[PDB]
Amino acid sequence: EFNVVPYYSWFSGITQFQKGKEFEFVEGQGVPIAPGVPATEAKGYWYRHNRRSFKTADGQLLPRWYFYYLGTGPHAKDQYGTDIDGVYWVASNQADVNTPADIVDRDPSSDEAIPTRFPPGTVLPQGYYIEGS
Ligand SMILES: O=c1ccn([C@@H]2O[C@H](COP(=O)(O)O)[C@@H](O)[C@H]2O)c(=O)[nH]1
């Protein structure tokens, strides 16, 4: 969870379950599907939420990534493709990444997160679980 209110993503998260696996997509892939969104607007980044667990006396809570359209979210001002720790840029080959996507953020009690799904052919990152699936 968050102790500081996050920017809300339009989509469900993708959660790491195998340690040592890299979060990645093939260039041109990795933008989740949202009805009626034109491919020219399918551009943005996945953002890593590092999660932390509390200490017990038993015996670890791997990261979860969330998608933000280009020009929105916690890295709204950063340039597409720029190395940034915790940021993984993705865009349809139809998209011009010099321009912010035309999509206002999600207002979380006028609209719920869309379950994250990729088009046929999308190479899925092994070691990661798409929430909702
Ligand atoms: O940093 C964020 C941004 C949004 N999500 C929202 O959480 C819900 C699902 O999270 P998940 O467990 O499927 O990752 C969706 O509404 C998603 O947009 C968060 O709660 N944390």
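Laboratory data are not the source of any read-out in this text; all were calculated from the coordinates shown. All Cβ positions, even for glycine, are placed from backbone atoms using ideal geometry, and neighbour counts span all protein chains on display.
How would you rank 10-16, 66-72, highest first, on the average number of other Cβ atoms within 10 Å across their residues?
66-72, 10-16
Specify the inter-centroid distance of segment 1-71 and segment 79-133, based on alpha-carbon positions, in whole Å.
8
Sequence neighbours fewer than 8 away in the same chain don't count; with that in mind, list the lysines whose C-alpha is under 21 Å from residue 77.
Hits, sequence-local ones excluded: 43.
Need one number: nm distance between label points at residue 51 and residue 105, each 7 Å from Cα along Cα→Cβ, rounded to one decimal.
2.3
Rg and Dmax in Å for the chain, alpha carbons only: what are they?
When restricted to Cα atoms, the chain yields Rg and Dmax of 15.0, 52 Å.
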